[PDB]
Amino acid sequence: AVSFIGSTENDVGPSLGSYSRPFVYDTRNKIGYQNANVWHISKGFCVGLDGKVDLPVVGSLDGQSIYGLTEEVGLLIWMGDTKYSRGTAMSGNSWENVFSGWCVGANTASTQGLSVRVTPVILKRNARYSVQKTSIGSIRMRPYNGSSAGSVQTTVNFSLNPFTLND
Ligand SMILES: CO[C@@H]1O[C@H](CO)[C@H](O)[C@H](O[C@@H]2O[C@H](CO)[C@@H](O)[C@H](O)[C@H]2NC(C)=O)[C@H]1O
């Protein structure tokens, strides 16, 4: 089986968080969302994840997209499985495989989770830059091996909480 146990709408990062020192801010996992338990799965269900970023691509760094928020501020974005180190660097605006997948035991149960992580980028200087709450994109479960979603909700959404960068 599969069922949806997570939340449809999800905020990334603490609201009105402040961060200090294209220039990339070292924010680690602070501007993140993580949930180990988004779908409940059982009895041989096989599932991975696709991610999609809806923000405009305004540049590229080391093979991943810089996504634009404002004239001064962009984002590097990762989506993936639960643990932050599993994140896949996002490029472009299409669905992208961000977790190859796994299969829960034929006789047992577990969950499928996810993580979204971003790091702010100064694209252009004015030295205090604020960003408002902004839709980022979505992640969808991707069944495989003949597993079926039925009509279970496949997709969850992410919004960037507002933040301020101090330079
Ligand atoms: C037998 O326990 C299960 O072990 C597998 C690895 O064999 C896996 O770690 C399972 O945990 C889930 O793993 C998912 C895919 O990595 C992940 O998306 C979920 O968050 C994990 N669910 C948890 C940690 O409760 C584990 O149940």
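In each ligand, atom 1 is the first atom listed, and ligand 1 is the first ligand listed. In what follows, residues are counted from 1 in the order of the sequence shown. For the numbers below, each heavy atom of this structure counts, side chains included, while hydrogens, waters and symmetry mates do not.
- Taken to the nearest 0.5 Å, the CD atom of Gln112 stands 10.0 Å off from the CZ atom of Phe45.
- Under the 3.5 Å distance criterion, with hydrogens and angles disregarded, a donor-acceptor pair is assigned to the side chains of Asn157 and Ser138.
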Check your understanding: Please walk me through it: do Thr82 and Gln34 pass side chain to side chain contact (heavy atoms under 4.5 Å, CB included)?
Key -> CA-CA 6 Å; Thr82 308; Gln34 185 182 58; 4.2 Å; yes

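- With sequence neighbours excluded, the residues satisfying ring pair (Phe, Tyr, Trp, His ring centres under 6.0 Å) with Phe158 are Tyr33.
- To the nearest 0.5 angstrom, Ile66 atom CD1 is 11.5 Å from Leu69 atom CG.
- Between the side chains of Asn161 and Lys133, at least one donor-acceptor pair of N or O atoms lies under 3.5 Å.
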Pairs of nitrogen or oxygen atoms, one from ligand 1 and one from the protein, closer than 3.5 Å: please tabulate them with distances.
residue	atom	partner	partner atom	Å
ligand 1	16 (O)	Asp81	OD2	2.7
ligand 1	18 (O)	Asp81	OD1	2.6
ligand 1	18 (O)	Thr82	OG1	3.3
ligand 1	18 (O)	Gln112	NE2	3.1
ligand 1	18 (O)	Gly113	N	2.8
ligand 1	20 (O)	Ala36	O	2.7
ligand 1	20 (O)	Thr82	OG1	2.8
ligand 1	22 (N)	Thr111	OG1	2.9
ligand 1	25 (O)	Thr111	OG1	3.4
ligand 1	27 (O)	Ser110	OG	2.4

